[PDB]
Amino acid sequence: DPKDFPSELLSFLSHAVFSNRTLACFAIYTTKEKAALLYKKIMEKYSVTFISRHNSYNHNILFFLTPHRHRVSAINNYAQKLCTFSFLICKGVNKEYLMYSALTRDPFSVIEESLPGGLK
């Protein structure tokens, strides 16, 4: 199981671990099964402005924007409760557009997203 996001996405993500800064864009790397579940659970839990689910090297990535700010640790705590026994990596996203755009182009692809035609 992956220990981090794909190398090609790392420059868009926050790697902060000692910060209480809150933000409004997040990504989760997990199994197809757990990402499908979390897609709807995260959408509802955080009233997301946008969420998309993507293929990533036989796993899935969720990408989402929230209407209010959250600590990465909070999003992680939520997601980890619903993913006992499967891998899950949750990070804040700094370069939001670059991350989403990377996620729509090979080797990744969109599985589903909450707004028709995605973001621009």
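Between two forms, the rigid core is the largest collection of C-alphas that superpose within 1.5 Å. Heads up: residue numbers just count along the shown sequence, starting at 1.
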Exercise. Return whichever of 77 to 85 or 91 to 99 has the larger RMS Cα deviation from the displayed form in 5 other deposited structures of this protein, where every structure is aligned on the rigid core.
Key: 77 to 85
Quiz prompt | Stretch departing more from the displayed form, 110 to 118 or 4 to 12, Cα RMS in 5 other deposited structures of this protein (core fit) | solution = 110 to 118
Exercise. Could you check which stretch, 92 to 100 or 21 to 29, carries the larger mean CA temperature factor in the entry?
Key: 92 to 100
Quiz prompt | Greater mean Cα temperature factor according to the PDB record, 12 to 20 or 102 to 110 | solution = 102 to 110
Quiz item: Going by the deposited entry, which of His68, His59, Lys45, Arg71 has the highest CA temperature factor?
Solution: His59
Quiz item: Mind checking which third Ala79 falls in for C-alpha B-factor across the chain?
Solution: middle
Quiz item: What third of its chain, lowest, middle or highest, does the C-alpha temperature factor of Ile51 fall into?
Solution: lowest
